[PDB]
């Protein structure tokens, strides 16, 4: 079972936020890299994540946002005065939201969506995540088929609220002034990659960058360009005033 992590290293702190159906392991290699460069990092786990998929469908963005805000306060309460945030997929949407809610030193958004899909299609992605989870538990083909039949007997009501969240943060991009680095996979199989241009062009931040990765998929932290990604994020964070 994944756990949140807290990697102590230096005075600069980074909150690391995972994606929908993800967990802290999606940002753990980035956390260890930043820790080796002097950055303290903390990654929460959202409610219903890092646990059986059956639990995910009774949670929604109102819950996950509380984990995000508690993760920010965690850092504050441990003595960190300045905090940057980096987020993957839905985590990048929450990074932006935190950026117009509380004091933030810098924002890194990685493959954050600014367009949505149908609720059916989003539930299809939850079903596929549940299948992979159960495959990974080492369940039999027959056992997985029985459990998935039953999983289907329960709607995930909060998918509309997740659509509303993305739309809402998009509409508030003009409130963002913190230095921001927009990261996007050119060929992203899960979201519209033009999302990155929406973020870059609509924030008000005088210090902004965007970088495209040509050989990566959506979960960019775990893909083949992660080492260059690490160095690019480090370079961005070292450029801030702190």
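Numbering follows the first chain given and starts at 1.
Higher mean CA temperature factor between 138-146 and 166-174: 138-146, per the PDB entry. The question of which stretch, 180-188 or 42-50, has the higher mean Cα B factor is settled in favour of 42-50. Per the deposited coordinates, the residue with the largest Cα temperature factor out of 101, 95, 89, 154 is 154.
The residue among 69, 210, 56, 34 whose C-alpha atom has the highest B-factor in the PDB entry is 56. Ranked by Cα temperature factor within the chain, residue 85 sits in the lowest third according to the deposited record. The deposited CA B-factor of residue 130 belongs to the highest third of values across its chain. For residue 223, the recorded CA temperature factor ranks within the highest third of the chain's modelled residues. Among all modelled residues in its chain, residue 159 ranks in the highest third by Cα B-factor. Annotation for residue 62: CA B-factor lies in the highest third of the chain's modelled residues.
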